[PDB]
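*Asks:* Compute the structure for the input listed below.
(chains A and B, ligands or ions: 1)
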Amino acid sequence: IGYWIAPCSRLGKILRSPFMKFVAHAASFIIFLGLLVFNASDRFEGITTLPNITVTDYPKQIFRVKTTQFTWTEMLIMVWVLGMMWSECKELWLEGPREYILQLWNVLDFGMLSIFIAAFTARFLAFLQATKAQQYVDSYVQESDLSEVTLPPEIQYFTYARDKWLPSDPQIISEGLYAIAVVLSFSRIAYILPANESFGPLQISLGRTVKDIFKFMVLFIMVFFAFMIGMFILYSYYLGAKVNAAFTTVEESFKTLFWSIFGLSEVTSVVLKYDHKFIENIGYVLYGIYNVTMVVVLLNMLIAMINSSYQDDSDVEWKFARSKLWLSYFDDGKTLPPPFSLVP
Amino acid sequence: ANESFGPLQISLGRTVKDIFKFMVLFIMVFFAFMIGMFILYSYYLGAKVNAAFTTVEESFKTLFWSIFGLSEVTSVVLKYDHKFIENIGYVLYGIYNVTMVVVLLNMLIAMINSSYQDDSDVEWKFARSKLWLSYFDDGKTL
Ligand SMILES: [Ca+2]
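*Replies:* Numbers count the residues shown, from 1 in each chain, chains lettered A, B, ... in the order given. Below you will find the coordinate block:
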């Protein structure tokens, strides 16, 4: 408000400093994360009502209206997402799309903002359907609090609890995408992390280790696909004849072999319920060979990365990254935080 | 004060001091995934096989014990047919495990390089001499 009223003043001059603009953007993102956390402040200790029970503020309300309506925190977070997307679009328009895509931070921000937009679009579609159902109830139902009246099946579905929801209804998609976007949001803390002396080189080395890990992960993915296909072919014919129905389908085989990396897949994944001990013993051998192979690949990755790191260069890289961060703020255009940049 | 265990204690102290810096970043990642999974699974309290991500405390427990592999995979599955949310939770839990492995491996490599760069002997003897000088005063007689 002060910047809008007096763009050229002591406060205006202070707020246009590159460090002050960086602090403004960091504070805006902290407020965005606070809104993300506060939107779910009614569930910190868990939801009181069971998923099979519907609660409505007034007796003539469709439950989906109550469970899909936006709150003021939802409005604020939608405005924040719109502002950040507008800032990203302005950057892409001004500087060029090809250069914009070839940057980790820009593409990640675009991805998380797109996921937020998709989640809010799905929630808005659910809200529209619920509002149409509520309008139908208010215009054609006057039967004492939705007890004696039986709604048409096109609209009776909106009186159902969470358990009766279709697996592909808009609100489930909305909340899944919202969870993904919330996970991706806090990853932008590492965008402002390099500006700090202690946490800059750490982030630089973390990015370098991720880049080194990716190439080994490609080979491990090839080995993983090999064992997934082999064990799925071995155990596909035993669906109702296995202990934990693992390796019976491509999804199940993929889950079992992926969670085996962290030791979270039990050995009974290879045991059958029949007397075909040959198949069970081949599965045991293949699973053991897979575990030994993944340990060998992890050991080779660790050793190769240790050698590569053993080959004062991190300080230079961190200072270069921090200087890029600074030069991103020296231009006077990026003055206000993205949520407040909408107002012209 | 011991010759054989003093250097070990000094090295352990330096290891803890190096570990804290990476622990800050891992705490940021941990909070990210804790909030995400809690938001995903807060609406399924009695609709899950266990109470893994139903609350913030529960999400913190599940993700912290996931570091040591002491949290079961079934923490993600649901008792409903909402396979979209279950698969999103599976992907997020797998990404959390991969991310924590990456962070731990990066911490290990960075600390190995830092240690690679008769240095601990001087530190140990300085600490031992500080311990000695703490007792040269006549006040601490008993
Ligand atoms: Ca950007």
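*Asks:* For the stretch 151-300 of chain A, which segments count as helices?
*Replies:* For the stretch 151-300 of chain A, applying DSSP state H, counting those that start in this stretch gives helices covering A:153-156, A:170-185, A:189-192, A:199-235, A:250-259, A:277-310.
*Asks:* now these in a markdown table, with distance to chain B and mean neighbour count?
*Replies:* Placement of C-beta: from N, CA and C, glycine included. A markdown table is the format used below for the helices of the stretch 151-300 of chain A (distance: least, Cβ to the nearest Cβ, whole Å; neighbours: other Cβ atoms under 10 Å in any protein chain shown):
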| stretch | distance to chain B | mean neighbour count |
| --- | --- | --- |
| helix A:153-156 | 18 | 12 |
| helix A:170-185 | 3 | 23 |
| helix A:189-192 | 5 | 18 |
| helix A:199-235 | 4 | 17 |
| helix A:250-259 | 5 | 19 |
| helix A:277-310 | 5 | 14 |
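*Asks:* can you give me the helices for the stretch 1-150 of chain A?
*Replies:* With DSSP H, counting those that start in this stretch as the criterion, the stretch 1-150 of chain A has helices spanning A:2-5, A:10-15, A:18-39, A:63-68, A:72-95, A:97-101, A:104-140.
*Asks:* quick one: residue A:257 and residue A:232 touch, right?
*Replies:* No: between residue A:257 and residue A:232 there is no contact under Cβ atoms under 8 Å: 9.3 Å.
*Asks:* re earlier: pick the most buried one from the helices of the stretch 1-150 of chain A.
*Replies:* Among the helices of the stretch 1-150 of chain A, helix A:63-68 has the highest mean neighbour count (mean count of other Cβ atoms under 10 Å in any protein chain shown), at a mean of 20.
*Asks:* That one and chain B, are they touching?
*Replies:* No: judged by Cβ under 8 Å from any Cβ of the partner chain, helix A:63-68 and chain B are separated, with a smallest distance of 8.9 Å.
*Asks:* Other residues contacting that helix?
*Replies:* For helix A:63-68, contacts defined as Cβ atoms under 8 Å, 6 or more residues apart in numbering or on different chains pick out A:54-57, A:123, A:126-127, A:129-131, A:133-134, A:158-162, A:171.
*Asks:* Stretch A:234-249 too?
*Replies:* With contacts defined as Cβ under 8 Å, 6+ apart, stretch A:234-249 is touched by A:231-232, A:252-253, A:255-256, A:265-266, A:268-274, A:276, A:279, A:282-283, A:286.
*Asks:* can you rerun that using 7 Å?
*Replies:* Stretch A:234-249 is contacted by residues A:231-232, A:252-253, A:256, A:266, A:268-269, A:271-274, A:279, A:282-283, A:286 when judged by Cβ atoms under 7 Å, 6 or more residues apart in numbering or on different chains.
*Asks:* Then stretch A:137-147?
*Replies:* Contacts for stretch A:137-147 (Cβ under 7 Å, 6+ apart): A:59, A:60, A:62, A:149.
*Asks:* Same list (those residues) but as a markdown table, adding distance to residue A:86 and neighbour count.
*Replies:* Below are the contacts of stretch A:137-147 laid out as a markdown table (distance: Cβ to Cβ, whole Å; neighbours: other Cβ atoms under 10 Å in any protein chain shown):
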| residue | distance to residue A:86 | neighbour count |
| --- | --- | --- |
| A:59 | 42 | 9 |
| A:60 | 39 | 14 |
| A:62 | 34 | 25 |
| A:149 | 46 | 12 |
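*Asks:* Return the member of the residues you listed nearest to the ion.
*Replies:* Nearest to the ion, judged by Cβ to the ion, of these is residue A:62 at 40.3 Å.
*Asks:* Find out how far stretch A:295-314 is from the centre of the chain, if you would.
*Replies:* Stretch A:295-314 has its C-alpha centroid displaced from the chain centroid by 30 Å (Cα atoms, centre = their mean, to the nearest Å).
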